[PDB]
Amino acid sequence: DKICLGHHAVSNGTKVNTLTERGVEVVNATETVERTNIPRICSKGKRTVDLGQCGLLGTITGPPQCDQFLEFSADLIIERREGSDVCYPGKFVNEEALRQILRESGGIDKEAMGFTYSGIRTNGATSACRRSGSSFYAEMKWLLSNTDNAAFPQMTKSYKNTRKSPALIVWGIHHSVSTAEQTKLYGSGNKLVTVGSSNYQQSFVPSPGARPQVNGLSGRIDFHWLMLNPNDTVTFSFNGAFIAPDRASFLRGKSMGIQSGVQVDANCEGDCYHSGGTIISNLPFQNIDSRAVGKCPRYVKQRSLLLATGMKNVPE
């Protein structure tokens, strides 16, 4: 008469690794590295802005593509490959720093800067910024001499930040195709743009010069920016080639921004995104994308690491 002690086993054992052995079979195991991707941006519970053809920096200058977003609010901001910050050719200087500020901004609130003008045209426009015909950046003013060739009066305009938050200020310098074009617009003589705050003075010179047509134009407007602090003033002195801001921007609160090439989906909830979708997982690791952002499992190199959830499998 006899009694034995034993333990269970199965025919479907799974291999795992241990400190001592590769592929020891165990009764049960679970994956620890996430491979499963949802090819959508799971946006449920978040105020989402899909910027589409609008590039994020354009929300500040306002080319036509960005008209809907000049004062956007968002918890989650999605940039797209097709988005351009620009209508008239050019770019932002320090673009990426600025992009990063706007991605976590919560959105932006615009405020008028109060500049007005005498002795000059203010209606500079281009066929590259198309609204109801030729137009320009919604938040800027292309200042020009009162007539072709005529002298551009030396000017000063200042703006003080009344609010309790730093104001994003932006301006542009116009780089003409030829000193001859730069004279038609702003008159002959050397052109200079001085931009002074308390914690910032800098000069900018238009560098006219031939260059490839982009959109059929060889001009460039390049944008510069600075943070003006509460109670600080920014002063602008110039005799031409200046693209003046109409409005300043204040950051709303908190957001996260991503870049992506897949559809939004307001039904699924997610907190970890990457260009190709959303990683929904409690697993501690993932092998989908090293640049995933949000609250994420840690990216690892391996596709799989099985964690034993049962004992060694010793079948007969």
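One rule holds for the numbers: they count along the sequence shown, beginning at 1.
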query	finding
187 to 195 set against 235 to 243, stretch whose average Cα temperature factor tops the other in the entry	187 to 195
Segment of higher mean CA temperature factor, 198 to 206 or 170 to 178	198 to 206
Where the record places residue 42 (Cα B-factor, split into thirds across the chain)	middle
Chain-wide C-alpha B factor ranking for residue 155, given as lowest, middle or highest third	highest
Chain-relative CA temperature factor third for residue 269	highest
Within-chain third of residue 112 by Cα B-factor, per the entry	highest
Chain-relative CA temperature factor third for residue 277	lowest
